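Before any questions on how it binds or moves, here is one chain, the form deposited in one PDB entry, in structure tokens.
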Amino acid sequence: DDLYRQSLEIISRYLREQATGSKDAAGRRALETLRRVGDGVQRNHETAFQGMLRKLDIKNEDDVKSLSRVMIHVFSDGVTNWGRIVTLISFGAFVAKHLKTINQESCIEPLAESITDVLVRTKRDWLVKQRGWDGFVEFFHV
């Protein structure tokens, strides 16, 4: 499946460079947009993201394996929009920065996998209707 593979590459690349702190065509443009929008969501919701992090209490690989639960339950209100999706990915980047400080860099890849899994499994039809990553770039064009 091209959609899962493409989504995974974008989200994992974004989470890895956000943890490292150094920036590394359709996927390329989606990454540029995600860096602009994602870094913005992280700055604007920094206090709210800090509160969610403490409540989740991610300290090891086993906490990352159980992180998918909250993500499925937040999407249980029947609301889907690019704003919610980019907030989920930006929160994933925030968790990936915290994982890097507690020497849990190895947890970024499964975290990226978990975010992609929840996204592509529960919202495949919506993502496809929205022109996937082309639509993501177009929606956030400024």
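The term rigid core refers to the maximal set of C-alpha atoms that superpose within 1.5 Å between the two forms. In this text, residue numbers run from 1 along the sequence as written.
Deposited sequence between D125 and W126: no residues lack coordinates (chain continuous). Averaged over Cα atoms, the B-factor as recorded in the entry is higher for 108-116 than for the other of 84-92 and 108-116. Averaged over their C-alpha atoms, the temperature factors of 62-70 and 93-101 are higher for 62-70.
The entry lists C-alpha B-factors for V37, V79, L31, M52, and the highest of these is at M52. The entry lists a Cα temperature factor for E9 that places it in the lowest third of the chain's modelled residues.
For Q130, the recorded CA B-factor ranks within the lowest third of the chain. Only modelled residues enter the ranking.
From this point on, the text means the form deposited with a partner chain bound, which you will not see here.
Proximity of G83 to its partner chain in the deposited bound form: non-hydrogen atoms within 4.5 Å are present. At a distance threshold of 4.5 angstroms between non-hydrogen atoms, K100 is out of contact with its partner chain in the deposited bound form. Within 4.5 Å of any heavy atom of its partner chain in the deposited bound form lies no heavy atom of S114. Not displayed here, its partner chain is kept clear of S106 by more than 4.5 Å at the level of heavy atoms in the deposited bound form.
With the core held fixed, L67 shows a CA shift of 2 Å or greater between this form and the one not shown. After superposition on the rigid core, displacement of the C-alpha of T87 between this form and the one not shown stays below 2 Å. With the core held fixed, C107 shows a CA shift of 2 Å or greater between this form and the one not shown. In the deposited bound form, the Cα atoms of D62 and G38 sit 3 Å or more nearer to each other than they do here. In the deposited bound form, the Cα positions of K100 and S106 lie at least 3 Å nearer to each other than in the form displayed.
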